[PDB]
Amino acid sequence: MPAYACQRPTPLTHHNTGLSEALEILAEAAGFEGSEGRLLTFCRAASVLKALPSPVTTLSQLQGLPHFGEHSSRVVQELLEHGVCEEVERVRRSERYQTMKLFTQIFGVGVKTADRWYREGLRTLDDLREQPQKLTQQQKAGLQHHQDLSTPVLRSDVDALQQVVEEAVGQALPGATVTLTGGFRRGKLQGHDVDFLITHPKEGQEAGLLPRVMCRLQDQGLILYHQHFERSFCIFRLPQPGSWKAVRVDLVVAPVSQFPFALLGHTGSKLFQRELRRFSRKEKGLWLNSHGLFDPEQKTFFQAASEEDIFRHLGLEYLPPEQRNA
DNA sequence: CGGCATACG
DNA sequence: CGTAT
DNA sequence: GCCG
Ligand SMILES: Cc1cn([C@H]2C[C@H](O)[C@@H](COP(=O)(O)OP(=O)(O)OP(=O)(O)O)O2)c(=O)[nH]c1=O
Ligand SMILES: [Mg+2]
Ligand SMILES: [Mg+2]
Ligand SMILES: [Mg+2]
Ligand SMILES: [Mg+2]
Ligand code: NA
């Protein structure tokens, strides 16, 4: 089992679901306490289990696996022996965890804001609605739409949104293209949002594109919220039987020269990309981001025509998006 | 021990 | 700070 | 929390 998540296939569904979910609770809780290192370790340990070819049944099967030390091994041991890990269950029922989860789930509220509100004694969404003086316009929108945004986005919703985005993109700039990214590109059947990447085959034509796209979607009455650039974080009005629902949609524009890097970055998973960037820098001495791959000794960028090129330039076996579910 | 991914709004 | 459930 |  290799040590980096980008060195191994990780499918969306696997053979250690309960064990990985428990470790991910501990990772999430660490994040709520600002322990970024412990979050990373628990996420990595969970991801190792997702990559195994069969269920862990005995503690000896953890020997030699990367990212399993005393703490993660103990969590697994308790789950194998008793079906529950006491630490995990204490986290789950804690007022701190439940409130931090509720608050950070709001669009426009991160850990820092959630923690401040927690220390002020706030606990529920209605607590926040009572004091709108403390909310940014983005938070107000996230709070008004919280119920719809907490409802999973389905793959049928994605096809509908992609058509409306393509229509607006086509008027804004003929020839521009729309690619589905994020979790749905990795094969997820549901999501918290829909992610799209937009480019144009003629380098430079994509400049100024996103404002033109957003104005056109707004004119069609489809935008319930946006910030008004090359990235937009929107709430869309999506038709439903006899009604509609609010859906989070992210749009990114990239020049075609950068498209493979942007596609790779925005397809994720989040952990996969962190691991890939760590691997690039630490093992290969190259600096990877969603725009390119930089050799800091030669002071040159690697031209890529495909995701396949990027994996080759890092010396990694290619993984399709469905195997990037780290 | 230091390190832990990265950029835009 | 938020995007970053 | 774990790795090198
Ligand atoms: C949140 C986040 C995302 N990303 C990249 C990889 C993600 O897969 C991609 C899209 O982000 P998200 O839309 O937040 O996540 P997702 O689509 O993978 O899953 P879902 O929406 O169902 O919750 O952007 C990062 O590189 N770093 C981050 O911190
Ligand atoms: Mg997404
Ligand atoms: Mg998104
Ligand atoms: Mg230390
Ligand atoms: Mg997200
Ligand atoms: Na949030």
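Note that these values count all heavy atoms, side chains included, but never hydrogens, waters or copies made by symmetry. Residue numbers start from 1 in every chain, and the chains themselves are labelled A, B, ... in the order their sequence lines are given, proteins ahead of strands.
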(request) Could you check whether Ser280(A) gets within reach of a base, just the sugar-phosphate, or nothing at all, counting any heavy atom under 4.0 Å? (result)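 The answer is nothing, as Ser280(A) stays clear of every strand by at least 4.0 Å.
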(request) Report which part of the nucleic acid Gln273(A) touches: base, sugar-phosphate, or nothing (heavy-atom distance under 4.0 Å, all strands). (result) nothing
(request) Shoot me the first and last contacting nucleotide of DNA chain C against chain A, ordered 5' to 3', at under 4.0 angstrom to non-hydrogen atoms. (result)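 Range of nucleotides within reach of chain A: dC1(C) to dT5(C).
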(request) Let me know which of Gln77(A), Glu78(A), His71(A) forms a side-chain hydrogen bond (donor to acceptor under 3.5 Å, both in side chains) with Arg74(A). (result)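 Testing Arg74(A) for a side-chain hydrogen bond (donor to acceptor under 3.5 Å, both in side chains) against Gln77(A), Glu78(A), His71(A) leaves exactly one candidate, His71(A).
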Measure the distance from [atom1] on [X] to [atom2] on [N] and round it to the nearest whole Å.
{"X": "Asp250(A)", "N": "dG9(B)", "atom1": "CG", "atom2": "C1'", "result": "12 Å"}
{"X": "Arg38(A)", "N": "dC4(B)", "atom1": "CZ", "atom2": "P", "result": "17 Å"}
{"X": "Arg278(A)", "N": "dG4(D)", "atom1": "CZ", "atom2": "P", "result": "9 Å"}
{"X": "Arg44(A)", "N": "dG4(D)", "atom1": "CZ", "atom2": "P", "result": "10 Å"}
{"X": "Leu276(A)", "N": "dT6(B)", "atom1": "CG", "atom2": "P", "result": "10 Å"}
{"X": "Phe272(A)", "N": "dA5(B)", "atom1": "CZ", "atom2": "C1'", "result": "13 Å"}

Listed by chain and number, what are the salt bridge (charged side-chain N to carboxylate O under 4.0 Å, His left out) partners of [X], not counting sequence neighbours?
{"X": "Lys101(A)", "answer": "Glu28(A)"}
{"X": "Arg96(A)", "answer": "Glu33(A), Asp115(A)"}
{"X": "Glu95(A)", "answer": "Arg123(A)"}
{"X": "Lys245(A)", "answer": "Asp157(A)"}

In a table with atom names and distances, give each donor-acceptor pair under 3.5 Å that connects a side chain of residues 180-190 of chain A to protein atoms at least two apart or in another chain.
{"residue": "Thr181(A)", "atom": "OG1", "partner": "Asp195(A)", "partner atom": "O", "Å": "3.2"}
{"residue": "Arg185(A)", "atom": "NH1", "partner": "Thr267(A)", "partner atom": "OG1", "Å": "2.9"}
{"residue": "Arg185(A)", "atom": "NH1", "partner": "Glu307(A)", "partner atom": "OE1", "Å": "3.4"}
{"residue": "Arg185(A)", "atom": "NH1", "partner": "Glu307(A)", "partner atom": "OE2", "Å": "3.0"}
{"residue": "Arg185(A)", "atom": "NH2", "partner": "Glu307(A)", "partner atom": "OE1", "Å": "3.0"}
{"residue": "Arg186(A)", "atom": "NE", "partner": "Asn325(A)", "partner atom": "OD1", "Å": "2.8"}
{"residue": "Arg186(A)", "atom": "NH1", "partner": "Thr267(A)", "partner atom": "O", "Å": "2.8"}

(request) Could you summarise the pairing of DNA chain C as dot-bracket text, marking Watson-Crick and G-U pairs under 3.5 Å with ( ) or [ ] inside the strand and | across strands? (result) |||..
(message) Between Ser243(A) and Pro239(A) (side chain of the first, backbone of the second, donor and acceptor by atom type, cut-off under 3.5 Å), is there such a pair?
(response)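 Not at all, since once roles are kept as given, no pair shorter than 3.5 Å links the two residues.
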(message) Heavy atoms from C-beta onward define the side chain here; which of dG9(B), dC4(B), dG1(D) lies closest to that of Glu230(A)?
(response)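 Closest nucleotide among those given: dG9(B).
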(request) Hey, could you give me each pair passing salt bridge (charged side-chain N to carboxylate O under 4.0 Å, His left out) that has a residue in residues 168-184 of chain A? Not counting sequence neighbours. (result) none
(request) Using the salt bridge (charged side-chain N to carboxylate O under 4.0 Å, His left out) rule, collect all pairs that involve residues 250-266 of chain A, keeping only residues at least two apart or in two chains. (result) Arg248(A)-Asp250(A)
(request) Spell out yes or no: do the side chain of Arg231(A) and the base of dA7(B) have one donor N/O and one acceptor N/O closer than 3.5 Å? (result) yes
